[PDB]
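> For reference, the structure I am asking about is given below.
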Amino acid sequence: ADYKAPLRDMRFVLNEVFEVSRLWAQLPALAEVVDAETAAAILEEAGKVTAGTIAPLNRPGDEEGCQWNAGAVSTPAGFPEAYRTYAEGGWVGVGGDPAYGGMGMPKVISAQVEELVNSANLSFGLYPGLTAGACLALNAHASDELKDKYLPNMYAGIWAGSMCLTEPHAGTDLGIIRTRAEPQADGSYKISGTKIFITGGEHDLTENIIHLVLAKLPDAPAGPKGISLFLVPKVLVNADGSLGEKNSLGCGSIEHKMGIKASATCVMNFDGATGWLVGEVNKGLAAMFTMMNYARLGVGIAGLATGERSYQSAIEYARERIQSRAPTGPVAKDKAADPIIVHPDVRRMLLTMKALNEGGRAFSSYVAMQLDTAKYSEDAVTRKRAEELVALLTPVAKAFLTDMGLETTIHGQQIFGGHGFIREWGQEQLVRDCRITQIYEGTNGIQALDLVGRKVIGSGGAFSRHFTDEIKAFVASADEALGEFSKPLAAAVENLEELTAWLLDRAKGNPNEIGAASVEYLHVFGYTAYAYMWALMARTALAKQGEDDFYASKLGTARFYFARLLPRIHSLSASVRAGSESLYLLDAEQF
Amino acid sequence: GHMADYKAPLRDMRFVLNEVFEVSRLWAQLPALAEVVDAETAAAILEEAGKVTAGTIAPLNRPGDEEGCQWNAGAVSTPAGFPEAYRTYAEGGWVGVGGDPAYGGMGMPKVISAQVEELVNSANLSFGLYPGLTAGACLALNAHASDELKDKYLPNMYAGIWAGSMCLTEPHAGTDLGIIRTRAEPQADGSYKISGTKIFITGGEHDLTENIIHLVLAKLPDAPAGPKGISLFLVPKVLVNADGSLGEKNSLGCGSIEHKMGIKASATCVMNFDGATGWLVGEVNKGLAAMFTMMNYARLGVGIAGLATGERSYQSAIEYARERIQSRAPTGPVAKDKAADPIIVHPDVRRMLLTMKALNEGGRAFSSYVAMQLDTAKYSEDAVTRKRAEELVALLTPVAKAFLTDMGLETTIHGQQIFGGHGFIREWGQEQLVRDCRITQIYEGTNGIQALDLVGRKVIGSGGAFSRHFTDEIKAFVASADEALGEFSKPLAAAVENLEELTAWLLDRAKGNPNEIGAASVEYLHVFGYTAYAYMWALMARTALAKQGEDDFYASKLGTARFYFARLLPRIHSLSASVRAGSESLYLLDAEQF
Ligand SMILES: Cc1cc2nc3c(=O)[nH]c(=O)nc-3n(C[C@H](O)[C@H](O)[C@H](O)COP(=O)(O)OP(=O)(O)OC[C@H]3O[C@@H](n4cnc5c(N)ncnc54)[C@H](O)[C@@H]3O)c2cc1C
Ligand SMILES: Cc1cc2nc3c(=O)[nH]c(=O)nc-3n(C[C@H](O)[C@H](O)[C@H](O)COP(=O)(O)OP(=O)(O)OC[C@H]3O[C@@H](n4cnc5c(N)ncnc54)[C@H](O)[C@@H]3O)c2cc1C
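Line order of the protein sequences matches chains A and B.
At position 15 of the first sequence the residue is numbered 16 (PDB author numbering), and the sequence of numbers has no breaks.
At position 39 of the second sequence the residue is numbered 37 (PDB author numbering), and the sequence of numbers has no breaks.
Structural data, given as structure tokens:
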């Protein structure tokens, strides 16, 4: 199965359900840069480049992997050429600041482009995602000199970015980093230390790589309040903008990984490398606050993108592979067996993927819409509500879309039976690739702890009530037909509210309760949020039913979600309600 | 990084067999076993199996994955060290540990050979599958081959000097063996000539043995259409002289091997038969039925392969979780002299670890319970006892296959996720175990086909009588429980009630509605699985409560039981609700609307 961009579903979500073009027209910051016509032409081109240049390199990229030769890292055959086309097309800076040569597309558009590229070839997609991420942090916190020297080449994709955070002993716990930044009389800093697991730390796609390095000044306090952020170029830039002296840094090695094998994962060594402070001393983590809001959604989209790619392979296979006969009797009388889509269990797996992919795509767009409101709204109370929904929902997007993407890729493989275990079919690679999204931009367990700890307990539940108030107003608006979906949605919202109240009470004076609830609570939240997404899509499909087979497909998928997936909330809620006690009965030596 | 050293779980294996199931009291009143096995005999075999699996097989797992098998002009080579390690294994008697002593097998009951299978499969799944094939092939030949074929082939196969293979699958025929096309031409000398292509043949060709004895499904020229025309043939790689020495190379070969997700050291062969000489096993047109006993044992075996990956993943994860320091316990810093606390202090890490621990220990107990039913079915002098054991084998083997492998996958995912980013790196061995575990969910058939067998044949097919045999035993256990055991027996009874109601719902709903059976199948099998594990956990709890004292093993077991009941058993409700939705939501769309 060739990758085909899901542009019809993407139009349905953005233009028919959320009607985002209505919102742009009101915001003169976006009215200048995008309209329905512009957005449509951007998606058609993105679909063309992703299917035509990027998707064909996915399988051979996994089979070849990256190579390390005396410090130089090479990507698989055709990756540098495909990157050059991508970058020349403007795709690295599509959501970039126009003040420095970016296209200025809102996140609802750049997030769809992200899905297309990551579906086509996740290894390829992560490369420009780094650069776009690094730009967010430099735009928000770097000095005018740094922004003017580095942003234009990064938005053009001529220079790549990297995030150099993780050390051998420090991933989640960045407060204990050892990398040091020594202040120089000339205003610069010399960075010394070792970073690991650095995606795109070194490669052959760009003439330069602009590293954002977490380090501590020698007099820094211990823990996270001692952390600073530095811009450290691979190649120092001469006064006239030409490339100058190679910086005192290098890639010592690349990792042997489960998946995204075409993604160079670098041990980066810094030996008094010259760099410049981004933001303020001791406020390195705050310098990444915006970057990480956008990255949490972007990682969710990466997980979803692998699920979408697996479904495209699985449905084509389920229509072509013949095996056994339908339980109600032979369907394909002209043949020796029936297409496997006739079998109940095959339909169960396919529909689980379809409902999770389409629900995840809707939720990704909803979250992108909150980021765009937070950024672009002229109303301060509107911006602030959007900021609170970003803070609540980005961890959910990160952990839930990646956990559902993994289940989706596993169904996609299992549909093929034994053939799914063979690499030439591509399904096994998507499982391996999808596993990276559950630890990329930190572990999902840390995302779920942020949700329950800071976003739920930390706001007294107020942030959640902003979300569930919007859902309840939706329910109150529902006509009789939409009641099929609004009624179970309301019951799901009540279940989540009671579980929230249980947790606020149980967590008082019992810190272990927070982590104990975290992951399963985040799942209850996720299935509740997808019920809201599915009810919103059911409302539009009910209105347009009979106008196009697309709407009948949407409603059948919705009905599967509510019938077989939404009931997942009950077991998860009961497990959460068991509390932390059974996690702590045993001492570490008793395991 | 490094895959943690494998250590056989002999203490847990003793608790399950000797303490919970009391297997020596059962072997006492079984004359055919009194002769060959007792507690001390069994303990000495387990100690020996633990040494060879940890010492010579486990160290080859990672390098075996990294090298994989090679194909050179039809010769298949296993990774470096596999032939030498196989020679050691075979010379130790491990290939024939469960085989018939009449042809030189050790004759161990399934409760013991199932434990040896767990050890080798945990150490190196690719390795463990090779002797698995031979043992399975022996079961079929012993059950159905003529005296002449048994006498000529079984001794070398039990000794592991000659390997076996199962040559069933064709490009167009996997689940549906009924449409196979491989042809068997009768010869005047009493032999047949086999022509056809088989694919996905594990150990079809390799460098571990001087001969491979293929069990090939094929059809005579005048055979009926469909599965009723299918016969089974013994087709050796190399024809054997009267004196048992190797004669002429048979007219067959390996055209290629597969590129796979996992078990990369397991040669997966396209096998071409070009008028290859072989001999009929059992009866013309009863080739599928000649594998019935072999497939009952293989289904438990594949369950055990999934559990093995999970046990290996836990050994690596618990060592890592005690050594890796990151962040501080929620209730306040624990390692005051260090920069961070061991990650085992974190609620989410404990949840993942305890999920693996409870699924591994529950699964181990369930695998021993099923093995016990296979042994009772084979060895009991009492026809009532034998018949009931056969009925539970029929019911529980599909649950063993699909549940232990599905829970194995979840277990290996947790084991990788515990490491965070480190878990994605091949040197730690956690990502391989996920890839190896995925094979078990499609080995000896897809899990969805096992689930369909359970609900279609074993539940609907028996009007629920097989299930009521199982649940009768559970309720008698519940009725017997004292006050302390009530902690576990009370929620067990509620789980049994839930399962019985779901069974009654399904028997009614399936009437005239064939889609309902497949619609319910996988999730119903999971409800059954968690109910069965609740039974296993209550049995282990009863023994631990009785022995709770100076041996801390019993405290660990009860804490694990308590996690199973608090956090995993509740999974039955959502699965029961999903099943009760029925097939309707699955058939709202036409194929074109997907
Ligand atoms: C392929 C790859 C690409 C990556 N790319 C980059 C990148 O470009 N740049 C970069 O800087 N990083 C990168 N990372 C690092 C990535 O974000 C890691 O997931 C992160 O460092 C955490 O994993 P770790 O192995 O360091 O685990 P640790 O942080 O040591 O975590 C170990 C375990 O402890 C748990 N844990 C730790 N602290 C807590 C706590 N407080 N509460 C609860 N549980 C806790 C974790 O969830 C996990 O289960 C990459 C990782 C990989 C594998
Ligand atoms: C690594 C590996 C090793 C193998 N080794 C051997 C071996 O040594 N010997 C051997 O003989 N075989 C072997 N096989 C083949 C294997 O045992 C099964 O034949 C295979 O797993 C079935 O998958 P398939 O691709 O043939 O799927 P199909 O049978 O084509 O099924 C495709 C899909 O349709 C579903 N389906 C099909 N029929 C039905 C039905 N009636 N009801 C519901 N769902 C249905 C399946 O569950 C699956 O999801 C091996 C396979 C692999 C991957």
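The beta carbon of each residue, even a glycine, is placed where N, CA and C say it ideally should be.
Is any non-hydrogen atom of ligand 2 found closer than 6 angstroms to the C-beta of residue 602 of chain A, if you look at the structure I gave you?
No statement about residue 602 of chain A is possible, as the shown extent of chain A runs from 2 to 592 and does not include it.
> How big is the Cα-Cα spacing for A/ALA40 and B/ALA265?
51 angstroms
> Less than 6 angstroms separating the Cβ of A/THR329 from some heavy atom of ligand 2?
no
> Should A/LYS226 be labelled buried (16 or more other beta-carbon atoms within 10 Å of its own) or exposed?
exposed
> Could you tell me whether the stretch 410 to 423 of chain B touches the stretch 311 to 318 of chain B, using the rule of 3 or more Cβ pairs below 8 angstroms?
yes
> Leaving out the 5 sequence neighbours to the left and right, which residues in its chain are closer than 7 angstroms to A/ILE570 when beta-carbon positions are compared?
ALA493, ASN496, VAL525, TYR528 and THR529
> Helix, strand or coil for B/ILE159? Go by DSSP, reduced to three states.
Looking at B/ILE159 - three-state DSSP - the assignment turns out to be coil, as it is neither helix nor strand.
> Note down, in chain order, every chain A residue with its Cβ under 8 angstroms from the Cβ of B/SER572.
Within 8 angstroms of the CB of B/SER572, the CB atoms of chain A belong to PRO568, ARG569, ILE570, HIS571, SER572 and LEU573, in sequence order along the chain.
> How would you write the range of the alpha helix (DSSP H) that B/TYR312 sits in, first residue to last?
Annotation: the continuous alpha helix (DSSP H) that includes B/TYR312 extends over 290 to 321.
> Using DSSP with H/G/I as helix, E/B as strand and the rest coil, what is A/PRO331?
coil
> Counting pairs of Cβ atoms below 8 angstroms between the stretch 341 to 356 of chain A and the stretch 188 to 204 of chain B, do you hit three or more?
No, they do not touch.
> Please name the residue or residues paired with A/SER254 in a DSSP beta bridge.
A/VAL268
> Give me the Cβ distance between B/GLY48 and B/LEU15, rounded to the nearest whole Å; I'm assuming they're in contact under 8 angstroms.
Incorrect: roughly 14 angstroms between the Cβ atoms, too far for contact.
> For a contact meaning CB atoms closer than 9 angstroms, what does A/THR180 contact in chain B?
In chain order: nothing, as chain B lies at least about 15 angstroms away.
> Compute every distance between the C-beta of A/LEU298 and the non-hydrogen atoms of ligand 1, then say whether any falls below 6 angstroms.
Flag unset: Cβ of A/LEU298 not near ligand 1.
> Counting only beta-carbon separations shorter than 7 angstroms, does A/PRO512 have a partner in chain B?
yes
> Is B/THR275 helix, strand or coil by DSSP?
strand
> Using C-beta distances below 8 angstroms, list every residue in its chain close to B/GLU429, excluding the 5 sequence neighbours before and after it, in chain order.
In chain order, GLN414, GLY421, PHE422 and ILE423 place their CB closer than 8 angstroms to the CB of B/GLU429, counting only its own chain and leaving out the 5 sequence neighbours on each side.
> Kindly examine ligand 2 and report whether one of its heavy atoms sits closer than 6 angstroms to the Cβ of A/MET292.
For A/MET292, the shortest separation between its Cβ and any heavy atom of ligand 2 does not lie below 6 angstroms.
> Leaving aside the five residues before and after B/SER75 along the sequence, list all residues of the same chain whose C-beta is less than 7 angstroms from its C-beta, in chain order.
Excluding positions up to five away in sequence, the list reads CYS67, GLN68 and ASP205.
> Between A/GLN27 and A/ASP373, what straight-line distance do the alpha-carbon atoms span, to the nearest angstrom?
13 angstroms
> Mind checking B/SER478: buried by the 16 CB within 10 Å criterion, or exposed?
Here B/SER478 is exposed. Its C-beta has fewer than 16 other C-beta atoms within 10 Å.
> Excluding the 5 residues preceding and the 5 following A/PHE486 in the sequence, name in chain order all residues of the same chain whose CB lies nearer than 7 angstroms to its CB.
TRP535, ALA536, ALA539, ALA559 and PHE563
> Taking Cβ positions only, does B/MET259 come closer than 7 angstroms to chain A?
B/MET259 counts as touching chain A.
> Across which residues does DSSP place A/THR200 in a beta bridge pair?
A/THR266
> Using only the alpha-carbon positions, how far apart do B/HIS344 and A/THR132 sit?
33 angstroms
> Taking 6 angstroms as the cut-off, is the beta-carbon of A/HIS420 closer than that to any non-hydrogen atom of ligand 2?
yes
> So what's B/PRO57 in DSSP terms, helix, strand or just coil?
B/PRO57 sits in a helix when the DSSP states are folded into three classes.
> With DSSP collapsed to three states, give me the class of B/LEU567.
coil
> Heavy atom of ligand 2 less than 6 angstroms from the Cβ of A/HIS344, yes or no?
A/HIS344 Cβ: within cutoff of ligand 2.
> From the DSSP output, which residues share a beta bridge with A/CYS165?
A/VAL214
> Who pairs with A/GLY194 in a beta bridge, going by DSSP?
A/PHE271, per the DSSP bridge assignment.
> Would you list, in chain order, the members of the stretch 540 to 559 of chain B that have their beta-carbon closer than 7 angstroms to a beta-carbon of chain A?
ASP550, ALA553, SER554 and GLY557
> Does any C-beta atom of chain B lie closer than 7 angstroms to the C-beta of A/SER519?
yes
> I need the boundaries of the beta strand (DSSP E) containing A/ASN513, first residue and last residue.
Premise fails: A/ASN513 lies in the alpha helix (DSSP H), 513 to 545, not in any beta strand (DSSP E).
> Look at the Cβ atom of B/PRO396, then the Cβ atom of B/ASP451, and state whether they are nearer than 7 angstroms.
yes
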